[PDB]
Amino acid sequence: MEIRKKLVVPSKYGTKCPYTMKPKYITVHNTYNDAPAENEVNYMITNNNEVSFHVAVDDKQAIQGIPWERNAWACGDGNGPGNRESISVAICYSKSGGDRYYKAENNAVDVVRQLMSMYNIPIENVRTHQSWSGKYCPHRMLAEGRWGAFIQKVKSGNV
């Protein structure tokens, strides 16, 4: 699917994405919220907190807020490989789940595949936020045990 652009202004780089990056991993997240990707992104590029992610994906679209080759602060691991080498994808509507979320998860499969192809990132380098810092994210994918299936679709699904 087409990944919509809505990057943060270069003037906030020092706050949202100060460092350049050579993508080597893709980190999947759940927002633990029920807001659309546009809202999630818009908020992330407007507030002045050192919190960010590359792309938000909901049941309808994918919107990019941080240049792919600049780091984001979403893996909570300081300057570890999480925040300094991975591209973060945030799946919307996970708080309450429902068709909206499962639809957004399917779109996220698309996004991860494009990113893997785009930066030549292998399937084994597709990770959960939890693998980097220990935080329970993506909470819904973890609690429902959907990670394994998500991975196989990205890996060999014809979607």
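Numbers for residues come from their place in the sequence shown, where the first is 1.
Engineer: Using the B-factors recorded in the PDB entry, average over the C-alpha atoms of 46 to 54 and of 127 to 135, then report which stretch comes out higher.
Structural biologist: Mean C-alpha B-factor is greater for 46 to 54.
Engineer: Test of reading the entry: by CA B factor among the chain's modelled residues, which third contains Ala72?
Structural biologist: Within its chain, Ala72 is a lowest-third residue by C-alpha B-factor, going by the deposited values.
Engineer: Mind checking which third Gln64 falls in for C-alpha B-factor across the chain?
Structural biologist: Lowest third - that is where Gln64 ends up once the chain's C-alpha B-factors are sorted.
Engineer: Quick one: classify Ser117 as lowest, middle or highest third of the chain based on its Cα B-factor.
Structural biologist: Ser117: CA B-factor falls in the middle third of its chain.
Engineer: In terms of the chain's CA B-factor thirds, is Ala108 lowest, middle or highest?
Structural biologist: According to the entry, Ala108 has a C-alpha B-factor in the chain's middle third.
Engineer: Select lowest, middle or highest to describe the third in which the CA B-factor of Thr27 falls within its chain in this entry.
Structural biologist: Tercile = lowest for this residue's CA B-factor.
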